[PDB]
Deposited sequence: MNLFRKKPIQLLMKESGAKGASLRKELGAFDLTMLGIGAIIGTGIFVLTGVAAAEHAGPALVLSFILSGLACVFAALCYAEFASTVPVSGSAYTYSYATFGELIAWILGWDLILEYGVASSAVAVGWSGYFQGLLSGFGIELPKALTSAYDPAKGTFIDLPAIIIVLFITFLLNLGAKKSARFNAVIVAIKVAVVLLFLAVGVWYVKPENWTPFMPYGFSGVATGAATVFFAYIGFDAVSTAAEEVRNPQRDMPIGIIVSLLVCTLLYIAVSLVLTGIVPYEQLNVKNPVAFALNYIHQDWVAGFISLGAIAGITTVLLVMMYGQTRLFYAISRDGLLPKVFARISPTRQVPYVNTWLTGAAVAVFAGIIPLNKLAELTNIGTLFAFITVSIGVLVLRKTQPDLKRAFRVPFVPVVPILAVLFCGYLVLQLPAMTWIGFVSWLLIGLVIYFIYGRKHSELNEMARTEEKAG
């Protein structure tokens, strides 16, 4: 059940995959990788709805609490990327520290999390694409999820997934320079909203600071936690990094700490321009600029959001596909094969099927539910890795660690407590989907999962 995977074995698979691949990537390229995976739908969309219905102007404290939970968690991931510098996240770490049973549960949870996160990202993207087009407007009933009045499907959200699914299937190799271009488009547009929006900030809009009390700051924090998911993606590039033991921890923590500051500033400027009660909009940042008659800058920020949110979508789908290739190689799920040449067949993952699943949920499920369901799965993964550092310090203490978590028990415990606190802040119905999904996975392990590449 708790049969651990030796770190030596994880080095061999990473060393076989990254033998051909060229190494250039440094601390800067990995910070871009991190920022690219972090800034997206969370800050561009969730921030509006969360300020209007959960915290109000106090959404800034809701970003601090939520931001602190991720810092303590990211510090744990950095110790893991320093110690096990292989192309892989939480699934690989749990397999080395806890063992097969914990790695399967978390693994199966993240198959859902990356899928559900892609739908939430694509729903957010749609609201910015629709907002930009008007000023145009498509058929009224193909603009959002199925409610009681109007809309049936969110067609732009269905379409963007299919465009991303077509790109990943085209097999076009990644360019670190091209990623520096898009990440700068995203960073510059955020700074532009801050620099232009500061002039129109009415401190009157901040006066009823905590209208929903601290209870509202806490539920708000569980929502806007989503915006911080993405720092784990720095482990992808491990087979292309010269010295990954000290560059990947830098990338993880730096990309996170940068975004936390932008996030605090965006919250203040947003609630400062528009009264909290008017921010429940599909495009809050474009709306705030339109509210104060900066129409040209608003469209320019809508463009940056479209291009910038698209990179979040590509990462999420890739991280899921990579995760399916890892679970099946370990024998915990069956092996699919497809001919790469007319006479040469290799292991395959059906991206058209994994992408179709995402496209459907993106077109029918409201953003809030999708985000809340990603938040539960991610918080439990974060708690697992945090304890993983402690378990790896007790068992296997001799391992080389270029980066070490500052305070040996305290910080990993704090991450467990802060994340644990945010889990208790999510709606009760969010547990129905998450738990039932885990029961399905737990059944899979006893029937199939015990017929894998470590039973021997």
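Peer 1: I have the full deposited sequence and the modelled structure. Can you tell me which residue ranges, counted from 1, have no C-alpha coordinates?
Peer 2: Those stretches are 1-2, 138-140, 462-471, listed in order.
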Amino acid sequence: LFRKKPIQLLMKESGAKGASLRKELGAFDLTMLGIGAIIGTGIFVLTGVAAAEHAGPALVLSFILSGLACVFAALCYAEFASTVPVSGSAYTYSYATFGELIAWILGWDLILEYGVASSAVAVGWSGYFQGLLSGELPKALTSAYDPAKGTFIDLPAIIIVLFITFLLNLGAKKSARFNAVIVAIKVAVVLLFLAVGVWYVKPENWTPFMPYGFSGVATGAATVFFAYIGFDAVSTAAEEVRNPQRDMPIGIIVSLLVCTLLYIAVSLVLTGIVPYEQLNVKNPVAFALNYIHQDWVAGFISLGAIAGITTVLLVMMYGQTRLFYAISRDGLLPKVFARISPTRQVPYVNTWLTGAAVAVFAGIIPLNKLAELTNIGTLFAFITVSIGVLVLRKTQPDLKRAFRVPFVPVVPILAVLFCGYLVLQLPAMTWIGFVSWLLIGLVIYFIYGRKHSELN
From here on, numbers count along this sequence of modelled residues.
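Peer 1: Mean CA temperature factor from the deposited coordinates, higher in 90-98 or in 144-152?
Peer 2: Result: 144-152.
Peer 1: Higher mean Cα B-factor in the deposited model: 118-126 or 158-166?
Peer 2: The entry gives the higher C-alpha B-factor average to 158-166.
Peer 1: Determine which member of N368, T311, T207, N280 has the highest CA B-factor, using the values in the deposited entry.
Peer 2: Each of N368, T311, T207, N280 was compared by C-alpha B-factor; the highest is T207.
Peer 1: Among the chain's modelled residues, which third holds the C-alpha B-factor of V241?
Peer 2: Tercile = highest for this residue's CA B-factor.
Peer 1: Can you tell me which third, lowest, middle or highest, the CA B-factor of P347 falls into for its chain?
Peer 2: Highest third, going by the recorded CA B-factors of the chain.
Peer 1: By its CA B factor, does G272 count among the lowest, middle or highest third of the modelled residues in the chain?
Peer 2: For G272, the deposited C-alpha B-factor lands in the lowest third.
Peer 1: Compared with the other modelled residues in the chain, in which third is the CA B-factor of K202?
Peer 2: Its C-alpha B-factor belongs to the middle third of this chain's values.
Peer 1: How does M32 rank on Cα B-factor within its chain, lowest, middle or highest third?
Peer 2: CA B-factor rank for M32: middle third.
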